[PDB]
Amino acid sequence: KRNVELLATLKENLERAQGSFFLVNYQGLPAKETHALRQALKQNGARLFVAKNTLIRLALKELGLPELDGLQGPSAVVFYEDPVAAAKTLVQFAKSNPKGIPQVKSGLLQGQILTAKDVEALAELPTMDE
Amino acid sequence: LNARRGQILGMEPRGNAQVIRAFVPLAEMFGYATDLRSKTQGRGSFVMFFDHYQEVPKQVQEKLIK
Amino acid sequence: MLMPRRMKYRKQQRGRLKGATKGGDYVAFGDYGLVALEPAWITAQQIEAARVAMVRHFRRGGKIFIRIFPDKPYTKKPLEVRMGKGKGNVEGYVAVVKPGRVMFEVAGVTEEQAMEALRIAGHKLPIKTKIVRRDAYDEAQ
Amino acid sequence: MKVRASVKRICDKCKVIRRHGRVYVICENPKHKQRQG
Amino acid sequence: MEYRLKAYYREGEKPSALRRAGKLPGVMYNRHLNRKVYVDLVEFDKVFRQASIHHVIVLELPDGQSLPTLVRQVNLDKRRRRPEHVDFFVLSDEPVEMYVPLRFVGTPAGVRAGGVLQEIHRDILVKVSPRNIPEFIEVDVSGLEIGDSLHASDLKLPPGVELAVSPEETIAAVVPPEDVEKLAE
Amino acid sequence: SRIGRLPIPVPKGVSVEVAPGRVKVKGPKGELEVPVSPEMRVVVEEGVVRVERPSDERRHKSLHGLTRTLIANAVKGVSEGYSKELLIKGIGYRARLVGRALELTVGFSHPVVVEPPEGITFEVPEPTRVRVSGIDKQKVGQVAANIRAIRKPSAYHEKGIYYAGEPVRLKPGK
Amino acid sequence: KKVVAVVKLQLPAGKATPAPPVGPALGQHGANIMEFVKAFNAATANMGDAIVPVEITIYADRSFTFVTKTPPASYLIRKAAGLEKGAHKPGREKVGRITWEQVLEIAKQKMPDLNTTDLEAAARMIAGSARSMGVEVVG
RNA sequence: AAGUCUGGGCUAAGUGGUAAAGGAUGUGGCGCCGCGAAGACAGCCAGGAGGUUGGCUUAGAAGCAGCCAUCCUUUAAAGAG
Ligand SMILES: [Mg+2]
Ligand SMILES: [Mg+2]
Ligand SMILES: [Mg+2]
Ligand SMILES: [Mg+2]
Ligand SMILES: [Mg+2]
Ligand SMILES: [Mg+2]
Ligand SMILES: [Mg+2]
Ligand SMILES: [Mg+2]
Ligand SMILES: [Mg+2]
Ligand SMILES: [Mg+2]
Ligand SMILES: [Mg+2]
Ligand SMILES: [Mg+2]
Ligand SMILES: [Mg+2]
Ligand SMILES: [Mg+2]
Ligand SMILES: [Mg+2]
Ligand SMILES: [Mg+2]
Ligand SMILES: [Zn+2]
């Protein structure tokens, strides 16, 4: 009850290796399209951290229990988390804003963000690279 | 073809159109033209030639011994 | 199929089938077994039918153990004859089998595989059966 | 319809039902339709 | 790995009564004592299906004694495949004769060749102090092809822990393995 | 997991009046009485209607869902209306309105004429679609079905009367 | 005047005859179908064999465009192990062998087709496609 | 002739009031393990992907004739199906 335990920690570890986690709704991209928009933010965002997409449920117990600013942007819906700090991003979210907002009908769409340690915002996070 | 105790050899294109090569026992080619025409809407055709002989099935052979 | 090779006597009295088995009640060799839920004289051809069925399931293959063997000769008079004029002819051989006997065992096979196998084997037998599986209770005996 | 003493699921789309006193197996594939009897 | 079990004393109670009552009539003895016990079936079952005649089971009698026992026999009712009676042996500090599991490590060359590991012993007899009861004994069966066996004579063996059966006692065998191809004949 | 407890939103402005034995549903499109087991309790609330059962005894749970849906269907009946579409298919085949009556022409040696029951209204928009529409759900169903029955889909050809949305599954035939 | 198509084929080396799937789904290009025998067997006339993948596109003035991939895993491994065919039965009879560092170069050939962009990841796919054909990795 | 007698329970077949192998989401009652608000089961919305037609085998068996093996990769996940 369960590997939801080994899964939380692995999200904490990858959060406890940051201060700046963003969050995207990786919805309907195929597989071709997917290993693209992913390998994208691995060649524009260090290590191998594009998204470590996991359960909205466990991704709020983690932000909750590191306290990490209560990431309550919107953990509703499909939710993936573009770990911008286990990388080395900045306006490298532009690497997101350019792939999604052209190669789809709403490609890698964004939801929440917490730069430095401070809550980023809605379109004010989604323009945080324009 | 298989259902007629045949054994198929291969498939190539022609007048496009296609061709299918097979060894079937002659005992199973009687009045073929008509099933062929049924199975192909009266649009296919065939040629057929003796190639060789071989051991009829142990379950055919011993019916024949009458 | 099964039958003694030689016998001290050729025909035997019919006897009676009261009782739980005498023994044979615990799994002895395999992992899975099939126990008689009711009395019966089981026939050589019935055993054989079941055995065969089992091998056919495994294809190749596991291990079948057969724990009953028919040493009772079964007698029958010729069709259409009257009573009298001596005991009937041996026409086959049977195994007396009382409830709780483990009749067949299997091994070297998956759970799914031994279950099914014993199911089919059951269907060739003229009694109720249950499938069982080795236990501490078996080993303890 | 098949009518038998033994009625049973034949494929995974087979479904065992009880109408009006009788056990039927209904299925997408009409060959599996059974009614016990 | 050392299991426990409430166990109670009994005198004149008809076994039928007890059995009806969910309980399992039994007996405890060694050479110093012999007492009539009963244990709740379902509690007994849960333990013995792991303990068996292999591990110690500690009987917690009402007088607050806690005796260490091995199960020595279990009488099954033949018709209904169930326990009617148990014999708990009260272990003392002497060496004891008992049964030690065999763990068959390895995949036989015989298996993996179509064939089957007839495991003729799933445990083995052993003289031994209760104080070093080996919960295991491994046997490598890797060098076995269809045709081979292994006797007690092999068998590594801890300390100590001697045998308690002839060494010439065959313990495992690899045998050929049912074949539809045979059938027809 | 449950139909009966699922509350029923009632639209502004249809009205639901409970009696013992029945509930009545009125709206823009007619009115309907829905028979209800006297063992269930129908409950009225603001812009909602609920159904409550007196225990978890099998008959009650079975009555429970059935009753909720029965009322739900009436609510929807008088407010949105019900309707089903039949597609006609096959070369000679067509339909046309004749009064309120549907004349079906489908390859028998004669047309087939279907009088709509009361509460049911037929629409032949093109000449190969028929529309059965009405306030009563099951009745709509029954008539759609009756019609379709005049000549079911063939096993061998995309031919016959079809529920729109009903798949054409064929089998080869020579 | 047929539509803008995104065709995917798999034709081997040599047989460049405009017959299916070089016929039905390749009419829609008005394709110089026999321009392939020459624009393919010029990158594969030094090699000889190897199935070399392809995607064949058409636009609005009826012309075709094609680009290819790299020869199968199963292929490359065969001619570094002294083999024509595989091993019939995978497991009990290896009919070839490759060092840890020869799979790596085979890997290296396939680096621009796969999923990973590694070597230590890449090489085990290779080594894993060596069990699939029963040839043991010299290690 | 004498209780439409009293308390508990089951049955819906007129079973009761004619039978077996066997078959079944009939109905009730036990028990054992399992998943579950770190969100299960059901519906429904995505994805379900590479190395790769896996090797062999027919003429073709490209996840799904059939013999083997059943690895590796990106992965939230995705079987050599
Ligand atoms: Mg007698
Ligand atoms: Mg008999
Ligand atoms: Mg006689
Ligand atoms: Mg039977
Ligand atoms: Mg004995
Ligand atoms: Mg049957
Ligand atoms: Mg169905
Ligand atoms: Mg049991
Ligand atoms: Mg028990
Ligand atoms: Mg209605
Ligand atoms: Mg009708
Ligand atoms: Mg009364
Ligand atoms: Mg009846
Ligand atoms: Mg009656
Ligand atoms: Mg009756
Ligand atoms: Mg029951
Ligand atoms: Zn079915």
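Since only E:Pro25, B:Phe23, A:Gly19 are under comparison, the one whose Cα sits farthest along the positive direction of the charge dipole of the protein assembly as shown, derived from C-beta charges on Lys, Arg, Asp and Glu, is B:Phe23.
Over region C:29-137, what is the relative contact order in whole percent, taking alpha-carbon pairs under 8 Å and six or more residues apart?
So the answer I get is 50 percent.
Counting neighbouring beta carbons within 10 Å and listing from fewest to most, the residues E:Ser142, A:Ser20 come out as E:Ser142, A:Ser20.
Amide H to amide H distances under 5 Å link C:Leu34 with C:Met103, C:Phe104, C:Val132, where only residues 5 or more positions off or on other chains count and H is placed in the peptide plane. In degrees, nearest 10, range 0 to 90: what is the angle between the Cα axis of helix C:44-58 and the longest Cα principal axis of chain C? Between the helix axis and the principal axis of chain C, the angle is about 20 degrees. Each residue of the protein assembly as shown gets 414 Å³ once the volume of the Cα convex hull is shared out per residue. Charge tally for E:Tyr3 (other residues, Cβ to Cβ under 15 Å; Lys, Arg +1; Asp, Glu -1): -2. Sites listed here are trypsin sites (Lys or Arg not before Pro) in chain D whose DSSP assignment is loop and whose Cβ has at most 11 other Cβ atoms within 10 Å: D:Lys8, D:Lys13.
Under the criterion of Cα pairs below 8 Å and six or more residues apart, the relative contact order for chain F equals 18 percent.
On the beta carbon distance between D:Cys11 and G:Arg62, with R0 = 60 Å, the FRET formula returns roughly 0.80. How tilted is helix F:58-80 with respect to the longest principal axis of chain F? Cα atoms for both, answer in degrees (0 to 90, nearest 10). The angle comes out at about 70 degrees.
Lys-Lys pairs in chain G that are eight or more residues apart or on separate chains and whose Cα atoms lie under 18 Å of each other come to 10.
Placing pseudo-labels 7 Å out from each Cα toward the beta carbon at A:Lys88 and G:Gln10 gives an inter-label distance of 4.2 nm. Counting only DSSP H runs of at least 4 residues, each contributing -39500 (n - 2.57), and dividing by the residue count of chain G, the helix-based mean residue ellipticity at 222 nm comes to -6000 deg cm²/dmol. Taking every DSSP beta bridge that has both ends in region C:29-137, the antiparallel portion is near 100%.
When each of the peptides E:153-166, E:67-80, G:116-129 is scored by the mean number of other C-beta atoms lying within 10 Å of its residues, the order from highest to lowest reads E:67-80, G:116-129, E:153-166.
From the alpha carbon centroid of region E:1-79 to that of region G:29-55 is 82 Å. What is the distance in Å between the Cα centres of region F:68-143 and region A:24-99? If you average the Cα positions of each part, the centres end up 53 Å apart.
Around the Cα centre of region C:29-137, unit charges on the Cβ atoms of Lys, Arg, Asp and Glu (plus for the first two, minus for the last two) sum to a dipole of about 400 debye.
Using a Förster distance of 35 Å, how high is the FRET efficiency between F:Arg129 and G:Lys1, based on the Cβ-Cβ distance and rounded to 0.05?
Working: r = 33 Å, r/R0 = 0.94.
The value I calculate is 0.60.
On the beta carbon distance between B:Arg21 and G:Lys89, with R0 = 25 Å, the FRET formula returns roughly 0.25. Using a cut-off of 28 Å between Cα atoms, the listed pairs D:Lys13/F:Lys171; D:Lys8/E:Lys78; A:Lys105/F:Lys171; C:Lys18/C:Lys77; C:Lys98/E:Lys36 include D:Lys8/E:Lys78; A:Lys105/F:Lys171; C:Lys98/E:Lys36 as exceeding that distance. Projected onto its three principal axes, the C-alpha set of chain F covers 59, 39, 23 Å, listed from the longest axis down. Residue-wise HN-Hα couplings along region A:98-110, as the Karplus relation 6.51 cos²θ - 1.76 cosθ + 1.60 with θ = phi - 60° gives them from phi, are x, 7, x, 7, x, 7, 3, 10, 6, x, 8, 2, 9 Hz; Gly and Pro carry x.
For chain G, the longest principal axis of the alpha carbon atoms and the long axis of helix G:122-131 meet at an angle near 80°. Note that region F:40-53 has calculated 3J(HN,Hα) couplings of 8, 10, 8, 10, 9, 9, 6, x, 8, 9, 10, 9, 10, 10 Hz, one per residue in order, obtained from phi through the Karplus relation 6.51 cos²θ - 1.76 cosθ + 1.60 (θ = phi - 60°); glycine and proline are x. For region G:1-99, trypsin sites (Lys or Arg not before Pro) are listed when DSSP marks them as loop and at most 10 other Cβ atoms sit within 10 Å of their Cβ; the list is G:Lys1, G:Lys2, G:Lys15, G:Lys85, G:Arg92.
Its DSSP H runs of at least 4 residues, each contributing -39,500 (n - 2.57), put the calculated 222 nm mean residue ellipticity of chain F at -7000 deg cm²/dmol, to the nearest 500. Computed per residue of chain A from DSSP H runs no shorter than four, each worth -39500 (n - 2.57), the mean residue ellipticity at 222 nm is -6500 deg cm²/dmol.
Look at C:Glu139, G:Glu84, G:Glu35 and count the other Cβ atoms within 10 Å of each Cβ; fewest to most, that gives G:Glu84, G:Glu35, C:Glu139. Neighbouring Cβ atoms from other chains, within 10 Å of the Cβ of residues in E:70-78, number 4 on average.
Straight Cα distances below 20 angstrom link F:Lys137 to the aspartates and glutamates F:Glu17, F:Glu31, F:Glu33, F:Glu80, F:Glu85, F:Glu115, F:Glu118, F:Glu123, F:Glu166, with same-chain residues fewer than 8 positions distant left out.
Counting Cβ atoms of other protein chains within 10 Å of each residue's Cβ and taking the mean over peptide C:54-67 gives 4. Using C-alpha pairs under 8 Å with a sequence gap of at least 6, the mean separation divided by the residue count of region G:1-69 gives a relative contact order of 46 percent. Listed by chain and number, the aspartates and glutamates whose C-alpha is less than 19 Å from the C-alpha of E:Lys6, apart from same-chain residues fewer than 8 away, are E:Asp40, E:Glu43, E:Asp45, E:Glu60, E:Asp63, E:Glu84, E:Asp87.
Here Cβ is always computed from backbone atoms with ideal geometry, including for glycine, and neighbour counts include all displayed protein chains. Where a number appears in this text, it was derived from the coordinates with a stated rule and is not lab data.
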